[PDB]
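Let's start with one chain on its own, the form deposited in one PDB entry, as structure tokens.
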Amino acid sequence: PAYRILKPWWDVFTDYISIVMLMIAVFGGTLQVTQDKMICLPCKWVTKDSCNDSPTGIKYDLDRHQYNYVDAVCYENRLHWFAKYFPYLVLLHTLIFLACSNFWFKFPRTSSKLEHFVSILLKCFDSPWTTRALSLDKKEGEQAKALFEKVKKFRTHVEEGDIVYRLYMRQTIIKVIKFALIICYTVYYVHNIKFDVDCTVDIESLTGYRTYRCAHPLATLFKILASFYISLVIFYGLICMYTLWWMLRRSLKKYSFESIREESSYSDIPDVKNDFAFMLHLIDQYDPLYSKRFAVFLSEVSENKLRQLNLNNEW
């Protein structure tokens, strides 16, 4: 909807990377449910610990259901949990990332404040009074007066609280911590997705063989998906660290109109504090035109000129 002005370019990049990660998670989960299995053949030479390598085919005298049981047991026991539960962990991480990125859009206080800010900015951007000031009917004058009063009420309501900036900082910190944990544990457990796995499950009382040599058909495809997910996680973490550095390099709780007041015709716009400053910084990251046009309603000289024009068209 109208929240797209609050999302900077890095937020859009993170959202698209999360969409691609969700697609990867869905594809991997579909593969896991559908065609993930093992194909195990018993090893008749067990001189060493693992399978020993030493024309007619070898006869194992095993039924089809004995093979199915061996596959199920060696898939349950002697297969690493990462290869079995890679897409589920990826899906959980994507859900966590989407919840953290869109947490302030569903928390009622911050969502209400952001909706009010977006509505007020949209009202001010389409106001002809701003266009006239940067460069007349009495109904337009009273509409501008009402919008100025609403802007004053919003300023005296929002400048007290500082919960939007705190919530955004907490979301960024949680996202970067989750990225660090993912980049550690996924990379450390990515070499265990092997195509050929040797299992020793001790089912000799049911089959007659001790060790089996299973093949994991989706091991290489899962390794490729894991590499792609690691690359996406690296990009996501780089973007999140860029956002954290952008927040921590300058005090975003204080916003100034110095360049704006030098460019514009008013040199009396005061510096704002707390969530208003952070929202104005986000709007600057989106487009400086919106903040440049919105700076008109924050100046007392603009109100004086507005009421002077109201008196002029009145008489």
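Superpose the two forms; the largest set of C-alphas matching within 1.5 Å is the rigid core. Residues that one form lacks are left out of the comparison. Residue positions are given as counts along the sequence shown, with the first one as 1.
- Of the other structures of this protein that model both sides of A215, every one gives it coordinates; not a third omit it.
- Gaps at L91 occur in none of the other compared entries of the protein that contain both adjacent residues, all of which model it rather than a third dropping it.
- Per the record, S135 and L136 are separated by a gap of 10 or more residues from the deposited sequence that were not modelled.
- The segment from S54 to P55 is interrupted, since 10 or more residues of the deposited sequence in that interval carry no coordinates.
Just so it is clear, the following notes concern the form deposited in another entry, a form of the same protein that is not shown.
- Large C-alpha shift between this form and the one not shown, rigid core held fixed: of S119, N192, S231, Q143, this applies to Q143 alone, with a displacement of 2 Å or more.
- Core-superposed comparison between this form and the one not shown: the C-alpha position of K48 differs by no less than 2 Å.
- With a cut-off of 2 Å and the rigid core superposed, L6 has a Cα displacement that falls short of the cut-off between this form and the one not shown.
- Taking only residues common to both forms and fitting on the rigid core, the CA shifts of 2 Å or more between this form and the one not shown cluster into runs of 3 or more residues at 47-54, 136-143, 308-314.
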